[PDB]
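Q: Please find one structure pasted underneath; my questions will follow.
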Amino acid sequence: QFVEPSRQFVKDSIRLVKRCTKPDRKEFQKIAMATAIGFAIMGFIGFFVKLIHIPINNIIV
Amino acid sequence: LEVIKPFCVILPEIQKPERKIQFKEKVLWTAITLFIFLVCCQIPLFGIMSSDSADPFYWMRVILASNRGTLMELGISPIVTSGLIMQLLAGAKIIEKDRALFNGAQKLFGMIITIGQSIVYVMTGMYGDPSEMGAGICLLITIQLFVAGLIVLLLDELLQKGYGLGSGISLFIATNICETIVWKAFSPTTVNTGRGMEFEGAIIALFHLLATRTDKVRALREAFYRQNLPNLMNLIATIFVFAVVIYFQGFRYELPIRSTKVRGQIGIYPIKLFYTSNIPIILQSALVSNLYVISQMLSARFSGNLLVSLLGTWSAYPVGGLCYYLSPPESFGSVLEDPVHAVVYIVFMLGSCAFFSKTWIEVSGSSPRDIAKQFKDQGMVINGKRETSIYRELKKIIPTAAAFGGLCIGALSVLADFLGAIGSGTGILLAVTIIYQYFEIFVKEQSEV
Amino acid sequence: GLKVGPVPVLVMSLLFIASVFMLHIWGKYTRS
Ligand SMILES: CC(=C\C=C\C(C)=C\[C@H](O)[C@@H](O)C[C@H](C)O)/C=C(C)/C=C/C(=O)O[C@H]1CCCC(=O)O[C@@H]([C@@H](C)C/C(C)=C/[C@@H](C)[C@H](O)C[C@@H](C)O)C/C=C(\C)C[C@@H]1C
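What follows is the structure in structure tokens.
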């Protein structure tokens, strides 16, 4: 029934991933560094804002 | 036009940046925008009698970048509501200087829906019973939420008119997810259960356990496999999922295309494996959160009905119904206890993500037909293939690429939920994909330079 | 239609933050 379409999809996916341009180290390191920088920026800004505003919230409330 | 012309030129509007803002200044303005969003996220509302109730919209706090009891109780709700209502009006063709009118109408409709949402939130029972607060306190809370929604809209236009990068929705969602992860990794809050002072932050807890406890092996075990507070296995899983999603997000099928009208414009057309960038995650997360919220409301109001019970049974986590099989398992012990639930959840995640990707490529104009139309418009034929085989290669690549990208992103979300990583699969995937979108903007700007 | 820039938006956000803080302080002081 639906086994043949599923096998067709699986084979097409395998052919695609094989034909794809897998990242190398020189690109993976750059992308990981950029993602780490962005995550650090947003997360640490939020962390420091929360740290600052905890005592402020205690004083005002 | 109509009679709405006078009212669409009353709210503040962000002027064009005139010049072209450099990437450093765009990054600085994005940082300022997210700083304002976070600061307002940490400021509680005025007039709240009690926050001891159960959050009716707890499941829409990640997808809406909201925070209960604060100025960003609604989060990015004004932007989403304005966009949805304007898309509904444009599709049904009632409402289609035109750009200024469209922006004014979207602002007005978003603010009206923001007022309605504030009224709904007040009436949901949070902040205390709306009768003891009084009409004055209810109106004050509504006014505060109105001004907060106006500020959110202003920040969104600040980001979208060229002063900053990306949009308000993605920036705020990613910022909230990253803040949650960094808090769970570095919070100094200490919870005492008789054993002693224990920091909530996993790394700070590790350092404190190593410093204070005389048995270093026991401290290491209780800081790595901790269950009462976030532990180090959660952080390792989060970093691992970050790494795997980063690796799979760089996958791309590079089609070598050449122009035929303007000769010499040889370039590359990359078809990413994640063809729909976190679109399946957005759709699935929004659907699950909304279904959870209406299921909670129906259970609270209509407890006992078979239709309500089959939709989902709540204790604030599902314990049965259609909303229980849509929930990630809390621990691997739950997977061992109920394997049917785990199988159904995995199947739902993979199938929903693949179907959402395959539907979105057609909906958003990413199907091979539209890409072939663009290639004909620019004469961008493939170097190896002929001019009459563009559609064939596009059908070979793009549909399979989108389906497998949805499948892989769903599998990554399932893996992150099963490993118990900080921020869950939805939050991790959304944050990393949004950061990759910003990195793509950065590399595009560098390529332009 | 008022066409403000990014600095006016930041100023408006800070003013709203200050207004909320003053509302909280006024409530705390009228309680005491
Ligand atoms: C992940 C994400 C966005 C991220 C976007 C990204 C990353 C974009 C990038 O730019 C892009 O370029 C990236 C590319 C692709 O790579 C998610 C989104 C948008 C979610 C929207 C959502 O859930 O939007 C609902 C709620 C809206 C707010 C609300 O709440 O609006 C009530 C309100 C008016 C009334 C109300 C409060 C009712 C109660 C009963 C409950 O709320 C019941 C609701 C939940 O049914 C009415 C309810 C409505 C309209 C339902 C809507 C669908």
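Protein chains in written order, with this note's numbering: chain S, 4 to 64; chain C, 20 to 468; chain L, 2 to 33.
Note that the Cβ used here is the ideal one computed from N, Cα and C, for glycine as well.
Alpha helix (DSSP H) containing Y343/C: first to last residue?
A: One-based indexing of the second sequence puts residue 343/C at position 324. Element bounds for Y343/C: n/a, residue is neither H nor E.
Q: According to DSSP, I276/C sits in a beta bridge with which residue or residues?
A: For the purposes of this step, residue 276/C is identified with residue 257 of the second sequence, where counting begins at 1. Looking at the DSSP assignment, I276/C forms a beta bridge with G286/C, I401/C.
Q: Please report the straight-line C-alpha distance between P418/C and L173/C, rounded to a whole angstrom.
A: As a first step, residue 418/C is located in the second sequence; it is residue number 399 there, counting from the start. As a first step, residue 173/C is located in the second sequence; it is residue number 154 there, counting from the start. Those two C-alpha atoms are separated by around 38 Å.
Q: In the region 267-280 of chain C, which residues sit with their C-beta less than 8 Å from some C-beta in chain S, listed in chain order?
A: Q268, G269, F270, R271, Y272, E273
Q: Any heavy atom of ligand 1 closer than 6 Å to the Cβ of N86/C?
A: The residue you call residue 86/C lines up with position 67 of the second sequence. Checking every heavy atom of ligand 1 against the Cβ of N86/C, none is found closer than 6 Å.
Q: Are the CB atoms of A221/C and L251/C within a distance shorter than 7 Å?
A: Translated into positions along the second sequence, residue 251/C becomes position 232. Translated into positions along the second sequence, residue 221/C becomes position 202. In this structure, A221/C lies closer than 7 Å to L251/C by Cβ.
Q: Find the residues of chain C that neighbour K4/L, judging by a C-beta separation of less than 9 Å, and give them in chain order.
A: In the third sequence, counting from the first residue as 1, residue 4/L sits at position 3. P31, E32, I33, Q34, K35, listed in chain order.
Q: Could you work out which residues of chain S lie near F22/L, taking near to mean beta carbons separated by less than 9 Å?
A: The residue you call residue 22/L lines up with position 21 of the third sequence. When 9 Å is used as the limit between beta carbons, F22/L is near these residues of chain S: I59, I63, in chain order.
Q: Mind pulling the chain S residues with CB within less than 9 Å of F121/C?
A: Looking up residue 121/C in the second sequence gives position 102. Simply none; closest approach about 31 Å.
Q: Residues of chain S with a CB under 7 Å from the CB of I18/L: which are they?
A: Taking the third sequence and counting its residues from 1, one reaches residue 18/L at position 17. Those do not exist, as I18/L stays about 10 Å from chain S at its closest Cβ, beyond 7 Å.
Q: To the nearest angstrom, report how far apart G269/C and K21/S are at their CA atoms.
A: Sequence index remark: in the second sequence, residue 269/C carries index 250 (1-based). Sequence index remark: in the first sequence, residue 21/S carries index 18 (1-based). Each residue's alpha carbon lies about 14 Å from the other.
Q: Could you tell me the boundaries of the alpha helix (DSSP H) in which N195/C lies?
A: One-based indexing of the second sequence puts residue 195/C at position 176. Element bounds for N195/C: 187-205.
Q: Note down the Cα distance separating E464/C from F458/C, rounded to an integer number of angstroms.
A: The residue you call residue 464/C lines up with position 445 of the second sequence. The residue you call residue 458/C lines up with position 439 of the second sequence. Going from the Cα of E464/C to the Cα of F458/C covers about 10 Å.
Q: Quick one: grab the DSSP three-state call for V5/L.
A: Within the third sequence, numbered from 1, the residue matching residue 5/L stands at position 4. Of the three classes helix, strand and coil, the one that applies to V5/L here is strand, per DSSP.
Q: For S189/C, which option in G446/C, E467/C, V462/C, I132/C has the closest C-alpha, if you only look at C-alpha atoms?
A: Within the second sequence, the letter at position 170 stands for residue 189/C. Taking each of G446/C, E467/C, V462/C, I132/C in turn and checking the Cα distance to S189/C, the smallest one comes out for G446/C.
Q: When the Cβ atoms of the region 397-413 of chain C are set against those of the region 317-328 of chain C, are three or more pairs found closer than 8 Å?
A: Taking 8 Å as the limit for Cβ pairs, the verdict is that the region 317-328 of chain C does not touch the region 397-413 of chain C.
Q: Would you decide whether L53/C is buried or exposed? Buried here means 16 or more other CB atoms lie within 10 Å of its CB.
A: As a position in the second sequence, residue 53/C is number 34, starting the count at 1. It counts as buried.
Q: Whose C-beta lies closer than 6 Å to the C-beta of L184/C among residues of the same chain, with five residues either side of it excluded?
A: One-based indexing of the second sequence puts residue 184/C at position 165. Hits under 6 Å: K45, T49, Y457, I460.
Q: State yes or no: is the beta carbon of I104/C nearer than 7 Å to at least one beta carbon in chain L?
A: Along the second sequence, read from residue 1 onward, the residue named residue 104/C stands at position 85. No, its Cβ sits nowhere closer than 7 Å to a Cβ of chain L.
Q: What residues of chain L sit near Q125/C, judged by a beta carbon separation below 8 Å?
A: Residue mapping note: residue 125/C aligns to position 106 of the second sequence, counting from 1. By Cβ distance, chain L contributes nothing, its closest Cβ being about 14 Å from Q125/C, past 8 Å.
Q: Quick check on DSSP: helix, strand or coil for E37/C?
A: Mapped onto the second sequence, residue 37/C falls at position 18. If DSSP states are grouped into helix, strand and coil, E37/C belongs with coil.
Q: Find the nearest neighbour of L19/S within the set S466/C, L431/C, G424/C, judged by alpha-carbon distance.
A: The residue labelled residue 19/S in the question sits at position 16 within the first sequence. Nearest of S466/C, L431/C, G424/C to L19/S, Cα basis: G424/C.
Q: State the DSSP-derived secondary structure class of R32/L, mapped to helix, strand or coil.
A: Numbered from 1 along the third sequence, position 31 holds the residue referred to as residue 32/L. Three-state DSSP puts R32/L in a helix.
Q: My guess is that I98/C and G129/C are in contact by the Cβ rule of under 8 Å, so how many angstroms apart are they, rounded?
A: The sequence position of residue 98/C within the second sequence is 79, counting from 1. The sequence position of residue 129/C within the second sequence is 110, counting from 1. The pair is a contact, with the Cβ atoms about 7 Å apart (cut-off 8 Å).
Q: For a quick check, are the C-beta atoms of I51/C and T257/C less than 7 Å apart?
A: As a first step, residue 51/C is located in the second sequence; it is residue number 32 there, counting from the start. As a first step, residue 257/C is located in the second sequence; it is residue number 238 there, counting from the start. Not closer than 7 Å, so no.
Q: Going by the CB atoms, is the gap between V312/C and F76/C shorter than 7 Å?
A: Here residue 76/C corresponds to residue number 57 of the second sequence, with the count starting at 1. Here residue 312/C corresponds to residue number 293 of the second sequence, with the count starting at 1. Yes. Within cutoff.
Q: Per DSSP, what kind of secondary structure is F218/C in: helix, strand or coil?
A: The sequence position of residue 218/C within the second sequence is 199, counting from 1. DSSP places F218/C in strand when its eight states are reduced to three.
Q: What in chain B is Cβ-close to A50/C, meaning under 8 Å?
A: The chain inventory of the structure shown lacks chain B, comprising the protein chains S, C and L.
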